[PDB]
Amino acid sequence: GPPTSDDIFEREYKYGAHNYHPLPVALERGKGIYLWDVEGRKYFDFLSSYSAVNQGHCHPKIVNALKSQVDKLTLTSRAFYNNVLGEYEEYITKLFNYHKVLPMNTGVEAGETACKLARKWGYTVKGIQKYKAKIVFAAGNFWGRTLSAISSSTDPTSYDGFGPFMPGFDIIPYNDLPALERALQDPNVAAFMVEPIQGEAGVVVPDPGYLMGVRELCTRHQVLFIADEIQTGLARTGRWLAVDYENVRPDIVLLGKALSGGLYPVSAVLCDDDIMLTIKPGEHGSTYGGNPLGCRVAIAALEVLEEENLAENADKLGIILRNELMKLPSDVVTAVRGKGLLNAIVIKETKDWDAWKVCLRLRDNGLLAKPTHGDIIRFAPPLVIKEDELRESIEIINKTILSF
């Protein structure tokens, strides 16, 4: 017979690096909102691969785009032109109303590109002396595992044992306008990079007016507002961008994950000419960035998001989901938070009972969620879920919670 779940666990333990401690479940099939393991058990996916499958697993239109393009051409490198990249660039720039896009593959590559753009713009446009440019980040931020990304982190597990760290990165508290103003008193600050909702920190939603104030402060002090929407963008929070909830237009928008529906690593950096063109030919890029296969996939994924009106569905069903989650008793769940279909709950962890055990029992009851910090549980199903499926999942959550 084929491998069992424990066979798969043991094989990975033997031949793979131990850089993850995943939830004990071995998936082999995904379709829409559902996942199946090698034993044939069916699960609601309430993580959505950290929003990479906002469109559901293996969405047939994105799958068809990939299958169609793979027989024609997949990679020429950027040493030559392919016929697909410009179509995708026009589509996405007109969709988000920026002059230009720079394509990359992973989220952390988009963040590194944004840091390089901010620095080059600080030196060549703002007039900062080389190399004194600073980039400000918010405590609790997460945007990857490169040495640069962990150099801006306040999480010891990310940076411990990996120094020395990148200079020129400053950290202020999240959701703190006065701290940002104080930080931006320094004319050598080139940019402020921030998530409109901090996902990895436990779905931390800042107060109303925070993004508006960030925009005002960055514009006043000639500082680039970099909005990291790699997790929050593309309809997950109920809008094309979480930033849309306050009509805020960042200087640089970072997109990823759902940009491909999970079929290909695609990320994007969006900004206007005065920022984008500070990087001259030969000064940045990557081998797979902007390849025709990923571009076909991304066009199809964006089209799925727009056609099926997934942002509106996420807004409505997230209202329903948060309202049902708040019905849970306050001595088992202390906080419910989120926007759209990016939500989390906080349990009052005991020494006996924590979020990992709750997620194990949810797994046993047919729903897959991931815990965080030992007391946070994220609930983020694909945006193609319907109300009846959502209510079945909600009753599963209720039964599992109050079954302890």
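The term rigid core refers to the maximal set of C-alpha atoms that superpose within 1.5 Å between the two forms. Numbering starts at 1 and runs along the sequence shown.
Asker: Going by root mean square C-alpha distance after a core fit, say whether 48-56 or 344-352 is farther from the shown form in 9 other deposited structures of this protein.
Answerer: Of the two stretches, the larger average C-alpha offset in 9 other deposited structures of this protein falls on 344-352.
Asker: May I ask which stretch, 158-166 or 288-296, sits farther from the shown form in 9 other deposited structures of this protein once every structure is superposed on the core, judging by RMS CA distance?
Answerer: Comparing 288-296 with 158-166, the one that moves more in 9 other deposited structures of this protein is 158-166.
Asker: State which stretch shows the higher mean Cα B factor in the entry: 174-182 or 307-315.
Answerer: Stretch with the greater average CA B-factor: 307-315.
Asker: So 128-136 or 282-290, which one's hotter by mean CA B-factor in the entry?
Answerer: According to the PDB entry, the answer is 282-290.
Asker: So if I compare the CA B-factors in the entry for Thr106, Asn323, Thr219, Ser153, which one is the largest?
Answerer: Answer, based on the entry's C-alpha B-factors: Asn323.
Asker: Grab the CA temperature factor for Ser148 from the record and place it in the lowest, middle or highest third of its chain.
Answerer: As the PDB entry reports it, the C-alpha B-factor of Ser148 lands in the lowest third of its chain.
Asker: Once the chain's modelled residues are ordered by C-alpha B factor and cut into thirds, is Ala301 in the lowest, middle or highest one?
Answerer: Within its chain, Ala301 is a middle-third residue by C-alpha B-factor, going by the deposited values.
Asker: Taking the chain's C-alpha temperature factors as the reference, tell me which third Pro265 falls into: lowest, middle or highest.
Answerer: Ranked within chain, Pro265 CA B lands in the lowest tercile.
Asker: Of the three thirds of its chain by CA temperature factor, lowest, middle or highest, which one includes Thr157?
Answerer: Ranked within chain, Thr157 CA B lands in the highest tercile.
Asker: Which third of the chain holds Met193 when residues are ordered by C-alpha B factor: lowest, middle or highest?
Answerer: Lowest third - that is where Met193 ends up once the chain's C-alpha B-factors are sorted.
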